[PDB]
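Data block below; observations after.
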Protein chains: 4
Amino acid sequence: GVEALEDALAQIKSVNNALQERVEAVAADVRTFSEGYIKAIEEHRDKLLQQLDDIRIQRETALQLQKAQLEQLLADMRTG
Amino acid sequence: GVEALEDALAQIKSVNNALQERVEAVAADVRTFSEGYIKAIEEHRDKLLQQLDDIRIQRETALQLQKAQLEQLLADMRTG
Amino acid sequence: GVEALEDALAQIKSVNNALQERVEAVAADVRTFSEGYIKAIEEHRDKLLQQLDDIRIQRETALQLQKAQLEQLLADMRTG
Amino acid sequence: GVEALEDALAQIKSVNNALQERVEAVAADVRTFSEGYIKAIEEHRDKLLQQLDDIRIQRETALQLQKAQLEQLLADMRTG
């Protein structure tokens, strides 16, 4: 009778509860993934930038050891 | 043998400017990707968080409306 | 004299080894990152695609439970 | 009070199509984003992998050219 109305009414309030749970959860995940993602990008971007700078630097150095080892040979000629 | 070496020098010198530029370019793109990428990740996170919101809003309103409806019977059945 | 020419020649031949290793490493990493990413994207795209499917399902069922609970009432009326 | 419940029924029916669509569309986006993300990661890896490669070529050939140049002196000094 009026029994069944108050039931359907309590169910609705709960079957809704559990659906909002599912949505918040999905939203939580989107946030987790999106945060974790951006981070991993920054880290990886940094490493790469780092290694490029080391390439830039280990190169200027090699340049010099040649540039020099060569001006030695020049001298070795112009002299003895 | 002198002029020879004067040359090896000039060669070493200008092979360097070139490889310098290139590395600087890789680094540039390494930058550009990450801002673009992090932009997109953000944009999309938002668009998804938004529709997830709309699902909630839409379902809540239908709850409120439906509750209101069955609340009315609830009174009109308490006597009515 | 000729001593110092084969040194500079073993230098360049070695200093290149080191620069290749460096560039190799970089590209190695670009590889793992992109691979690592694409995985993560697939995994999250899947988990999401999955939770949303659960949301339709868990919704269809809430619907039917309501509909059915309502028709019960509508009948409780038409009869006793 | 039948009509009331005949009404709830119809409301439930119509709320549900709407919430179906919205969840569909959410999922449609989850699909498209991963296609973009994945696609353009891959473009990038390729772009960078290419340039790293060119750094290699540009250096490799400069080495070849320099090697050849100093190989010659080596001969023209191993006699005169």
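Counting neighbours? That spans all protein chains shown, and the Cβs are built from the backbone with ideal geometry, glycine included. What follows is calculated from the coordinates using simple rules that are stated; it is not laboratory data.
Would you check which residues across region C:53-64 are touching a helix residue (DSSP H, G or I) at 6+ places or on another chain (Cβ under 7 Å) and more than 7 Å from chain A (Cβ to nearest Cβ) and list them?
C:56, C:63
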Sole exception among (1) at the interface with chain B (Cβ under 9 Å from one of its Cβ atoms); (2) not in a helix (DSSP H, G or I) for residue A:80, by number: (1)
Test result for residue C:31, assigned to a helix (DSSP H, G or I) and more than 24 Å from residue D:35 (Cα to Cα): no
Residue match in region B:24-44 (condition: facing chain A (nearest Cβ under 7 Å) and polar (S, T, N, Q)): yes
Criterion: more than 27 Å from residue C:24 (Cα to Cα) and either of a type in the set (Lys, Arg) or over 40 Å from the mean Cα position of the chain (by Cα) (or both) - qualifying residue of A:70, A:19: A:70
Residue count, region C:65-75 (criterion: within 10 Å of chain D (Cβ to nearest Cβ), surrounded by fewer than 16 Cβ atoms within 10 Å (Cβ to Cβ) and not basic (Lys, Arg)): 3
Any hit, region A:3-22, residues being within 30 Å of residue B:20 (Cα to Cα) and in a helix (DSSP H, G or I): no
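So, of the residues in region C:3-19 that are polar (S, T, N, Q) and more than 7 Å from every other protein chain (Cβ to nearest Cβ), which turns out to be nearest to residue B:1 (Cα to Cα)?
Looking only at region C:3-19, we keep the residues that are polar (S, T, N, Q), and these are C:11, C:14, C:16-17.
Those still in the list that are more than 7 Å from every other protein chain (Cβ to nearest Cβ) too: C:14, C:17.
On the way: C:14: 24, C:17: 28 Å.
Among them, the one singled out is C:14.
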Test: residue in region B:30-39 that is of a type in the set (A, V, I, L, M) and over 22 Å from residue D:56 (Cα atoms): yes
Test: residue in region A:9-31 that is closer than 30 Å to residue D:15 by Cα, surrounded by fewer than 14 Cβ atoms within 10 Å (Cβ to Cβ) and acidic (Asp, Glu): yes
